[PDB]
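We begin with a single chain expressed as structure tokens, specifically the form deposited without the named molecule.
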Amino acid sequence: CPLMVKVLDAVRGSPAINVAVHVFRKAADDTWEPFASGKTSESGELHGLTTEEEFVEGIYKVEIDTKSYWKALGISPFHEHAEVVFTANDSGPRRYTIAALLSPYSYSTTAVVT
């Protein structure tokens, strides 16, 4: 599992469940190619997005559909979604955990690379 996503809800103090996440890879022609997608589990985590074979160096964009999430909770969010753009494995493959902490008008995201 070289790429894992974790999403938390700062309003309820719990994992953000069933959040849609879409991963894109920057294409040779500078366009974002769809790469992987899924929904966070009951623990707010999303595993098995790729394999180390498929996860080559490139620029990747993780897009978290935060708007849908809040709407479901009857809350009016500010952001269309949260995006995390980063260059991966440029210095060889690592294990990346992208964590996002969500609030209606704010979000933070941190990368734990190992």
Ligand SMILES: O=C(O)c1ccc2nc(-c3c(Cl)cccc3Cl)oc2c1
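Here the rigid core means the biggest group of C-alpha atoms that line up within 1.5 Å when the two forms are laid on top of each other. For every residue, the number given is its place in the sequence shown, counted from 1.
*Asks:* To spell it out: superpose each other structure in 8 other deposited structures of this protein onto this one by the rigid core, compute Cα RMS over structures and residues for 33-41 and for 83-91. Which is larger?
*Replies:* With the rigid core superposed, the C-alphas that lie farther in 8 other deposited structures of this protein are those of 83-91.
*Asks:* Which is higher on average in the deposited entry, the C-alpha temperature factors of 71-79 or of 52-60?
*Replies:* Mean C-alpha B-factor is greater for 71-79.
*Asks:* Compare the mean C-alpha B-factor of 22-30 with that of 38-46 as given in the PDB entry, and name the stretch with the higher value.
*Replies:* According to the PDB entry, the answer is 22-30.
*Asks:* What third of the chain does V7 rank in for C-alpha temperature factor, lowest, middle or highest?
*Replies:* Tercile = lowest for this residue's CA B-factor.
*Asks:* Please rank the C-alpha B-factors of the chain's modelled residues and tell me whether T110 sits in the lowest, middle or highest third.
*Replies:* Its C-alpha B-factor, which the entry lists for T110, ranks in the middle third among residues of this chain.
Beyond what is shown, the protein has a form solved in complex with the named molecule; the following relates to that form.
*Asks:* Spell out, yes or no, whether the shortest heavy atom distance between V21 and the named molecule in the deposited complex is within 4.5 Å.
*Replies:* Outside the cut-off, so no.
*Asks:* Residue by residue through 62-93, tell me which have a non-hydrogen atom within 4.5 angstroms of the named molecule in the deposited complex.
*Replies:* The stretch 62-93, when checked against the named molecule in the deposited complex, contributes no residue at the 4.5 Å heavy-atom cut-off.
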